[PDB]
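Q: See run-v8.json below, with JSON, C-alpha atoms and all ligand atoms.
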```
[["chain", "number", "residue", "atom", "x", "y", "z"],
["I", 5, "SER", "CA", 1.12, -10.01, -19.50],
["I", 6, "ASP", "CA", 3.67, -7.21, -20.01],
["I", 7, "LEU", "CA", 3.11, -6.47, -16.24],
["I", 8, "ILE", "CA", 4.96, -7.66, -13.12],
["I", 9, "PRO", "CA", 2.66, -9.91, -11.08],
["I", 10, "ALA", "CA", 1.07, -8.70, -7.92],
["I", 11, "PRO", "CA", 2.53, -9.94, -4.66],
["I", 12, "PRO", "CA", 0.49, -12.20, -2.44],
["I", 13, "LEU", "CA", -1.14, -10.20, 0.35],
["I", 14, "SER", "CA", 1.02, -11.91, 3.01],
["I", 15, "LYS", "CA", 4.10, -10.10, 1.56],
["I", 16, "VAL", "CA", 2.39, -6.69, 2.19],
["I", 17, "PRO", "CA", 2.80, -5.64, 5.84],
["I", 18, "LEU", "CA", -0.15, -4.13, 7.70],
["I", 19, "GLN", "CA", 0.18, -1.06, 9.91],
["I", 20, "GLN", "CA", -0.54, -2.27, 13.45],
["I", 21, "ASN", "CA", -3.42, -0.77, 15.47],
["I", 22, "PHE", "CA", -4.46, 1.47, 12.60],
["I", 23, "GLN", "CA", -6.28, 4.55, 13.96],
["I", 24, "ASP", "CA", -8.77, 5.79, 11.40],
["I", 25, "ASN", "CA", -9.26, 9.12, 13.21],
["I", 26, "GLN", "CA", -5.52, 9.87, 13.04],
["I", 27, "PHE", "CA", -5.27, 8.96, 9.30],
["I", 28, "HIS", "CA", -7.92, 11.39, 7.99],
["I", 29, "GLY", "CA", -7.05, 14.63, 6.23],
["I", 30, "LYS", "CA", -4.71, 15.87, 3.55],
["I", 31, "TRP", "CA", -1.92, 13.66, 2.21],
["I", 32, "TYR", "CA", 0.47, 14.74, -0.51],
["I", 33, "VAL", "CA", 1.43, 12.11, -3.03],
["I", 34, "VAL", "CA", 5.24, 12.12, -2.60],
["I", 35, "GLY", "CA", 5.82, 8.80, -4.40],
["I", 36, "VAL", "CA", 3.92, 6.34, -6.52],
["I", 37, "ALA", "CA", 5.19, 2.87, -7.60],
["I", 38, "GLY", "CA", 3.35, 0.29, -9.69],
["I", 39, "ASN", "CA", 3.42, -1.95, -12.77],
["I", 40, "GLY", "CA", 1.45, 0.74, -14.67],
["I", 41, "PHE", "CA", 3.38, 3.79, -13.43],
["I", 42, "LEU", "CA", 6.36, 4.66, -15.62],
["I", 43, "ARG", "CA", 9.09, 7.22, -14.89],
["I", 44, "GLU", "CA", 9.78, 9.36, -17.96],
["I", 45, "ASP", "CA", 12.40, 11.99, -17.06],
["I", 46, "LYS", "CA", 11.38, 13.86, -20.21],
["I", 47, "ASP", "CA", 7.80, 14.14, -18.90],
["I", 48, "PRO", "CA", 7.92, 14.97, -15.22],
["I", 49, "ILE", "CA", 4.65, 15.18, -13.32],
["I", 50, "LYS", "CA", 3.07, 17.09, -10.49],
["I", 51, "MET", "CA", 0.25, 15.64, -8.36],
["I", 52, "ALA", "CA", -2.31, 17.33, -6.15],
["I", 53, "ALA", "CA", -2.88, 16.13, -2.61],
["I", 54, "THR", "CA", -5.26, 13.36, -1.66],
["I", 55, "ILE", "CA", -7.95, 14.05, 0.93],
["I", 56, "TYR", "CA", -9.03, 11.13, 3.08],
["I", 57, "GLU", "CA", -12.25, 11.98, 4.97],
["I", 58, "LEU", "CA", -13.47, 9.75, 7.78],
["I", 59, "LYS", "CA", -17.31, 9.46, 7.91],
["I", 60, "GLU", "CA", -19.77, 8.42, 10.72],
["I", 61, "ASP", "CA", -19.97, 4.88, 9.28],
["I", 62, "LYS", "CA", -16.10, 4.59, 9.46],
["I", 63, "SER", "CA", -15.79, 4.46, 5.67],
["I", 64, "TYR", "CA", -13.84, 7.35, 4.08],
["I", 65, "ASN", "CA", -14.38, 9.68, 1.20],
["I", 66, "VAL", "CA", -11.17, 9.75, -0.83],
["I", 67, "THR", "CA", -10.56, 12.65, -3.20],
["I", 68, "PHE", "CA", -7.50, 12.10, -5.43],
["I", 69, "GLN", "CA", -6.05, 13.27, -8.73],
["I", 70, "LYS", "CA", -7.03, 10.81, -11.50],
["I", 71, "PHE", "CA", -4.70, 8.42, -13.34],
["I", 72, "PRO", "CA", -2.72, 8.99, -15.66],
["I", 73, "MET", "CA", -2.30, 12.53, -14.20],
["I", 74, "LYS", "CA", -2.23, 14.43, -17.53],
["I", 75, "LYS", "CA", -5.02, 17.02, -16.95],
["I", 76, "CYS", "CA", -5.45, 17.68, -13.20],
["I", 77, "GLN", "CA", -8.94, 16.44, -12.39],
["I", 78, "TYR", "CA", -10.09, 15.24, -8.97],
["I", 79, "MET", "CA", -12.17, 12.12, -8.39],
["I", 80, "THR", "CA", -13.93, 10.75, -5.31],
["I", 81, "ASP", "CA", -14.38, 7.11, -4.23],
["I", 82, "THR", "CA", -15.62, 5.34, -1.11],
["I", 83, "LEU", "CA", -13.11, 3.57, 1.04],
["I", 84, "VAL", "CA", -15.12, 0.77, 2.63],
["I", 85, "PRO", "CA", -13.58, -0.89, 5.70],
["I", 86, "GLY", "CA", -12.48, -4.47, 5.03],
["I", 87, "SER", "CA", -11.43, -7.51, 7.08],
["I", 88, "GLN", "CA", -9.64, -5.28, 9.70],
["I", 89, "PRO", "CA", -8.35, -1.78, 10.54],
["I", 90, "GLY", "CA", -5.92, -0.56, 7.92],
["I", 91, "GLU", "CA", -7.70, -2.48, 5.14],
["I", 92, "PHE", "CA", -10.36, -1.35, 2.69],
["I", 93, "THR", "CA", -11.91, -1.79, -0.66],
["I", 94, "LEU", "CA", -11.96, 1.23, -2.94],
["I", 95, "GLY", "CA", -14.97, 0.75, -5.20],
["I", 96, "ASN", "CA", -16.04, 2.58, -8.35],
["I", 97, "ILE", "CA", -19.67, 3.29, -7.35],
["I", 98, "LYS", "CA", -20.97, 3.34, -10.97],
["I", 99, "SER", "CA", -20.06, 0.91, -13.80],
["I", 100, "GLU", "CA", -18.03, 3.05, -16.30],
["I", 101, "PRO", "CA", -15.56, 2.48, -19.27],
["I", 102, "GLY", "CA", -12.38, 2.03, -17.16],
["I", 103, "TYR", "CA", -13.60, 0.07, -14.12],
["I", 104, "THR", "CA", -12.06, -1.90, -11.26],
["I", 105, "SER", "CA", -12.16, -2.11, -7.51],
["I", 106, "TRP", "CA", -9.04, -2.14, -5.36],
["I", 107, "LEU", "CA", -8.03, -3.73, -2.13],
["I", 108, "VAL", "CA", -6.33, -1.09, -0.01],
["I", 109, "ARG", "CA", -3.84, -1.89, 2.76],
["I", 110, "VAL", "CA", -2.06, 0.71, 4.85],
["I", 111, "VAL", "CA", 1.46, -0.71, 5.13],
["I", 112, "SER", "CA", 2.97, 1.80, 7.64],
["I", 113, "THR", "CA", 2.22, 5.29, 8.86],
["I", 114, "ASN", "CA", 3.01, 7.49, 11.80],
["I", 115, "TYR", "CA", -0.04, 9.61, 11.00],
["I", 116, "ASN", "CA", 1.68, 13.01, 11.39],
["I", 117, "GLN", "CA", 4.45, 12.58, 8.79],
["I", 118, "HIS", "CA", 4.33, 9.63, 6.38],
["I", 119, "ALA", "CA", 2.17, 6.83, 5.12],
["I", 120, "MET", "CA", 2.72, 4.02, 2.69],
["I", 121, "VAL", "CA", -0.36, 2.40, 1.19],
["I", 122, "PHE", "CA", -0.74, -0.65, -1.07],
["I", 123, "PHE", "CA", -3.46, -1.01, -3.68],
["I", 124, "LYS", "CA", -4.32, -4.21, -5.56],
["I", 125, "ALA", "CA", -6.85, -4.63, -8.33],
["I", 126, "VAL", "CA", -9.51, -7.27, -7.48],
["I", 127, "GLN", "CA", -10.37, -7.77, -11.21],
["I", 128, "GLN", "CA", -9.75, -11.47, -12.22],
["I", 129, "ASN", "CA", -7.09, -11.00, -14.98],
["I", 130, "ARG", "CA", -5.31, -7.92, -13.53],
["I", 131, "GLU", "CA", -1.87, -8.00, -11.98],
["I", 132, "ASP", "CA", -2.30, -4.26, -11.36],
["I", 133, "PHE", "CA", -0.93, -3.01, -8.11],
["I", 134, "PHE", "CA", 0.68, 0.13, -6.84],
["I", 135, "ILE", "CA", 2.11, 1.60, -3.66],
["I", 136, "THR", "CA", 1.63, 5.26, -2.71],
["I", 137, "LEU", "CA", 4.08, 7.10, -0.45],
["I", 138, "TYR", "CA", 2.10, 9.84, 1.25],
["I", 139, "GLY", "CA", 3.45, 12.79, 3.28],
["I", 140, "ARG", "CA", 1.70, 15.40, 5.43],
["I", 141, "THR", "CA", 4.18, 17.81, 3.90],
["I", 142, "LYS", "CA", 5.36, 18.04, 0.29],
["I", 143, "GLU", "CA", 8.81, 16.96, 1.46],
["I", 144, "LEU", "CA", 9.72, 13.75, 3.23],
["I", 145, "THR", "CA", 13.22, 12.62, 4.30],
["I", 146, "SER", "CA", 15.73, 10.70, 2.16],
["I", 147, "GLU", "CA", 15.54, 7.73, 4.53],
["I", 148, "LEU", "CA", 11.72, 7.57, 4.13],
["I", 149, "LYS", "CA", 11.98, 7.79, 0.31],
["I", 150, "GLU", "CA", 14.68, 5.07, 0.20],
["I", 151, "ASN", "CA", 12.59, 2.82, 2.44],
["I", 152, "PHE", "CA", 9.72, 3.22, -0.16],
["I", 153, "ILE", "CA", 12.08, 2.40, -3.03],
["I", 154, "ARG", "CA", 13.36, -0.72, -1.18],
["I", 155, "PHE", "CA", 9.86, -1.91, -0.34],
["I", 156, "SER", "CA", 8.78, -1.35, -3.96],
["I", 157, "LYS", "CA", 11.86, -3.22, -5.29],
["I", 158, "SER", "CA", 11.23, -6.11, -2.86],
["I", 159, "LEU", "CA", 7.86, -6.65, -4.70],
["I", 160, "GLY", "CA", 9.71, -6.80, -8.05],
["I", 161, "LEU", "CA", 9.17, -3.24, -9.29],
["I", 162, "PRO", "CA", 12.04, -1.80, -11.34],
["I", 163, "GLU", "CA", 13.34, 1.64, -10.29],
["I", 164, "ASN", "CA", 11.79, 3.21, -13.46],
["I", 165, "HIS", "CA", 8.34, 2.11, -12.21],
["I", 166, "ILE", "CA", 8.91, 4.28, -9.12],
["I", 167, "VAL", "CA", 7.80, 7.89, -9.65],
["I", 168, "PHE", "CA", 8.36, 10.97, -7.49],
["I", 169, "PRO", "CA", 5.89, 13.62, -8.59],
["I", 170, "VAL", "CA", 6.18, 17.24, -7.62],
["I", 171, "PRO", "CA", 3.49, 17.53, -4.92],
["I", 172, "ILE", "CA", 1.12, 20.49, -5.12],
["I", 173, "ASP", "CA", -1.90, 21.55, -3.04],
["I", 174, "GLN", "CA", -4.50, 22.06, -5.71],
["I", 175, "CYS", "CA", -5.05, 21.39, -9.39],
["I", 176, "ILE", "CA", -3.87, 24.25, -11.68],
["Y", 1, "LIG", "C1", -6.59, 7.11, -3.67],
["Y", 1, "LIG", "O1", -5.56, 7.27, -4.64],
["Y", 1, "LIG", "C2", -5.53, 6.62, -5.85],
["Y", 1, "LIG", "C3", -6.41, 5.60, -6.23],
["Y", 1, "LIG", "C4", -6.34, 4.97, -7.48],
["Y", 1, "LIG", "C5", -5.30, 5.35, -8.47],
["Y", 1, "LIG", "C6", -4.34, 6.41, -8.10],
["Y", 1, "LIG", "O2", -3.35, 6.84, -8.94],
["Y", 1, "LIG", "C7", -3.61, 7.98, -9.77],
["Y", 1, "LIG", "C8", -4.47, 7.06, -6.78],
["Y", 1, "LIG", "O3", -3.58, 8.02, -6.41],
["Y", 1, "LIG", "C9", -2.34, 7.58, -5.87],
["Y", 1, "LIG", "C10", -5.21, 4.64, -9.79],
["Y", 1, "LIG", "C11", -4.01, 4.11, -10.02],
["Y", 1, "LIG", "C12", -3.51, 3.34, -11.14],
["Y", 1, "LIG", "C13", -4.15, 2.91, -12.23],
["Y", 1, "LIG", "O4", -3.40, 2.14, -13.23],
["Y", 1, "LIG", "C14", -1.99, 2.19, -13.41],
["Y", 1, "LIG", "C15", -5.55, 3.09, -12.53],
["Y", 1, "LIG", "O5", -5.96, 2.56, -13.55],
["Y", 1, "LIG", "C16", -6.55, 3.83, -11.75],
["Y", 1, "LIG", "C17", -6.42, 4.50, -10.60],
["Y", 1, "LIG", "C18", -7.68, 5.15, -10.05],
["Y", 1, "LIG", "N1", -8.67, 5.52, -11.05],
["Y", 1, "LIG", "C19", -8.62, 6.68, -11.73],
["Y", 1, "LIG", "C20", -9.70, 6.88, -12.74],
["Y", 1, "LIG", "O6", -7.76, 7.53, -11.55],
["Y", 1, "LIG", "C21", -8.28, 4.22, -8.99],
["Y", 1, "LIG", "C22", -7.33, 3.87, -7.84]]
```
Give the structure from this file in structure tokens form.
Ligand SMILES: COc1cc2c(c(OC)c1OC)-c1ccc(OC)c(=O)cc1[C@@H](NC(C)=O)CC2
A:
Amino acid sequence: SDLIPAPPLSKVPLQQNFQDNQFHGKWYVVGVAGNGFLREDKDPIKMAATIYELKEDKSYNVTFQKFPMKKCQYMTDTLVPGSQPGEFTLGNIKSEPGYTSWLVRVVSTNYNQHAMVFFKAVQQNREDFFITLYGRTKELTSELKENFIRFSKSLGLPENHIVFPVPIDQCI
């Protein structure tokens, strides 16, 4: 299509010894890169924080601001553990107009500062993928943001498909 193809999974690193208990909580969206994310300097965006909640069954609740981030509205999905720690499927629980599931792979995190997470659509004829740069604070370092840009570019994403929203706590 118009879109840059998704990488094979083997090109997406997996965070080693992923600790679900240490990943839970609030994560600001500090960066988002994907074939369907488009930097428009004329239309900057702000994004509310994502909440990852670990449950008894080791799945998460995930509460996140909805795409394409025009009116701030939260949504909640289930993050079902996959083939191993760090990996999940994010499923739309009800069949609705815009519908796909995503494979979710935590690429790297140190739990208390940053995380980088890869999302790939499991729908047959969808190249759709994106990478989220999360921070525990609204601000991350230049080195951490350049590492996210380089990772994103290594999967073929142009720099104008890499967006840095203004992180906020809540919808307004
Ligand atoms: C847990 O966090 C996120 C999870 C997803 C999305 C997203 O970006 C707003 C997130 O925040 C970083 C998401 C992303 C891109 C999409 O297409 C470009 C889409 O159609 C759809 C989405 C999401 N669906 C909706 C309705 O927002 C599902 C996956």
Q: Could you check the closest approach to residue 156 of chain I for each of I:12, I:38, I:89, I:29 and tell me which residue wins, using only C-alpha atoms?
A: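 Closest to residue 156 of chain I, using only C-alpha atoms: I:38.
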Q: Write out as a PyMOL selection string which residues come within 12 Å of residue 14 of chain I when counting only C-alpha atoms, dropping same-chain ones fewer than 4 positions away.
A: chain I and resi 10+18+109+111+159
Q: Give me the residues near residue 170 of chain I as JSON, numbers by chain, where near means some atom within 10 Å (using all atoms listed in the file) and where sequence neighbours in that chain fewer than 4 positions away do not count.
A: {"I": [32, 33, 34, 35, 48, 49, 50, 51, 52, 142, 143]}
Q: Could you take the residues named above and write them with C-alpha atoms, as a compact mmCIF listing (two decimals), in the coordinates of the input?
A:
```txt
# COMPACT_ATOMS: atom_id res chain seq x y z
CA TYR I 32 0.47 14.74 -0.51
CA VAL I 33 1.43 12.11 -3.03
CA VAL I 34 5.24 12.12 -2.60
CA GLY I 35 5.82 8.80 -4.40
CA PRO I 48 7.92 14.97 -15.22
CA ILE I 49 4.65 15.18 -13.32
CA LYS I 50 3.07 17.09 -10.49
CA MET I 51 0.25 15.64 -8.36
CA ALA I 52 -2.31 17.33 -6.15
CA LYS I 142 5.36 18.04 0.29
CA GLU I 143 8.81 16.96 1.46
```
Q: Give me, please, the distance in Å between atom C19 of ligand LIG 1 (chain Y) and atom CA of residue 115 of chain I, quoted to one decimal.
A: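 About the pair atom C19 of ligand LIG 1 (chain Y) and atom CA of residue 115 of chain I: they are 24.5 Å apart.
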Q: Could you list, as a PyMOL selection string, all residues that come within 7 Å of ligand LIG 1 (chain Y)? Count only C-alpha atoms and all ligand atoms.
A: chain I and resi 33+36+38-41+54+66-73+106+132+134+136
Q: Please determine, counting only C-alpha atoms, which residue among I:147, I:47, I:173, I:81 has the shortest atom-to-atom distance to residue 95 of chain I.
A: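 Under the stated criterion, the closest residue is I:81.
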Q: Here is a test: counting all atoms listed in the file, which residue of I:146, I:19, I:158, I:80 is nearest to residue 108 of chain I?
A: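 Closest residue, counting all atoms listed in the file: I:19.
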Q: Do a neighbour search on residue 110 of chain I at 9 Å with only C-alpha atoms, toss out local chain neighbours closer than 2 positions, and write the hits as an NGL selection string.
A: :I and (17-19 or 22 or 89-92 or 108 or 112-113 or 119-123)
Q: Using all atoms listed in the file, pick whichever of I:163, I:118, I:155, I:103 has the shortest atom-to-atom distance to residue 130 of chain I.
A: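 Closest to residue 130 of chain I of all the choices is I:103.
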Q: Could you name the residues that touch residue 176 of chain I at 10 Å or less, counting all atoms listed in the file, but leaving out those on the same chain fewer than 5 positions away, as an MDAnalysis selection string?
A: chainID I and resid 52 75:77
